[PDB]
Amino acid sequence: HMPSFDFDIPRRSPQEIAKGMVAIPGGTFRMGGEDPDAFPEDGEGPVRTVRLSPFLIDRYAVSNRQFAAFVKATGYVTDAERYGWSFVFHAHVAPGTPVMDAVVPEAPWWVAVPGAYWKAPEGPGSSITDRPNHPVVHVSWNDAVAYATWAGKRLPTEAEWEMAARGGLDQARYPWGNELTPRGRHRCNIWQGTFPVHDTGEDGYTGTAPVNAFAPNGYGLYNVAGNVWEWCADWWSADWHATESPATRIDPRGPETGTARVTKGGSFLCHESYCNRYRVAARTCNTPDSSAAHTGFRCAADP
């Protein structure tokens, strides 16, 4: 990918770049999933051994406070601001807020809201004054790449994201193990209740949670499962990674062309009865200028 920016890239030292990041050593892991209930179109399989070079990855998704500093330093205008609207979950749109008649096919719970963007996540009249440490949302893939490049970083590949999110466990269902609420404790922010009609908030949150909520995984990463979907570098496909080759098994970058970029990790909206996509092997995509109230990102870096 060859992005274009209207800000210069500042000089930063290795020590500055690595703050808040964990060093993932080079090695192999078992990527992918073989859950019999996975949707075939998602291409969770095959399970395969992948070798990665050492890399750094953020412990936390990028926060509102951090994105605000980027915007203050650069004047960056996000895709949602340029388009003038973004997607908000229906239950979070205050009555009377102007909304578009737009229809996401098959997903009527998504509302296109004029004026919804990272600083006003539910549209005009909303703010992030009480959410400085929540993940920034309404950021597109382009916005994420712009932030990451300004920060001296990049987006993780899907394989880097998944190795870090798995946290040293071999083929577990979730970042922490195989049980969703071990010891009766919520470990991530997803939906409870009856999707899309009623979220009970059993895990404490019916929207985003702070980026440091819940226990970390074994590598010290927080909210890799749930909270917000996270952009990765790769173009999406369901089958590029079914090939067994060095390109798909050593530092794999995904297909060279595509239409949508990969997102990992699930969000506060995911639920077993609908998508079941908060398992660590799960994956979906979105087009790169798209934005939504449940999608953000974390950065990676070469040491």
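All residue numbers are counted from 1 along the displayed sequence. Only the largest set of C-alpha atoms that superpose within 1.5 Å between the two forms is called the rigid core.
Review point. Of the stretches 203-211 and 103-111, which sits farther from where it is here in 9 other deposited structures of this protein, on average over its Cα atoms, after fitting the core?
Key: Stretch with the larger root mean square C-alpha distance in 9 other deposited structures of this protein: 103-111.
Point to revise | Between the two ranges 129-137 and 176-184, the one averaging a larger CA B factor in the entry | key: Taking the mean B-factor of the alpha carbons in each, 176-184 is higher.
Practice item. Between 29-37 and 231-239, point out the one with the higher average CA B-factor as the PDB entry records it. Key: Stretch with the greater average CA B-factor: 29-37.
Check your understanding: So among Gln15, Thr287, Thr284, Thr295, who wins on Cα B-factor in the entry?
Key -> Top of the list by C-alpha B-factor: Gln15.
Exercise for review: Please work out which residue in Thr78, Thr157, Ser86, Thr194 has the highest C-alpha B-factor recorded for this crystal structure.
Suggested key: Answer for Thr78, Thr157, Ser86, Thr194: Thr194, with the highest C-alpha B-factor.
Check your understanding: Thinking about Cα B factors across the chain, which third does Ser273 belong to?
Key -> As the PDB entry reports it, the C-alpha B-factor of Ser273 lands in the highest third of its chain.
Check your understanding: C-alpha B factor of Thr263, ranked within the chain: lowest, middle or highest third?
Key -> For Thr263, whose C-alpha B-factor we compare with every modelled residue in the chain, the answer is the lowest third.
Check your understanding: Lowest, middle or highest third: where is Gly226 by Cα B-factor in its chain?
Key -> Lowest third, going by the recorded CA B-factors of the chain.
Review point. Taking the C-alpha B-factors as the PDB entry records them, is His90 in the lowest, middle or highest third of its chain?
Key: Ranked within chain, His90 CA B lands in the middle tercile.
Check your understanding: Once the chain's modelled residues are ordered by C-alpha B factor and cut into thirds, is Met21 in the lowest, middle or highest one?
Key -> For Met21, whose C-alpha B-factor we compare with every modelled residue in the chain, the answer is the lowest third.
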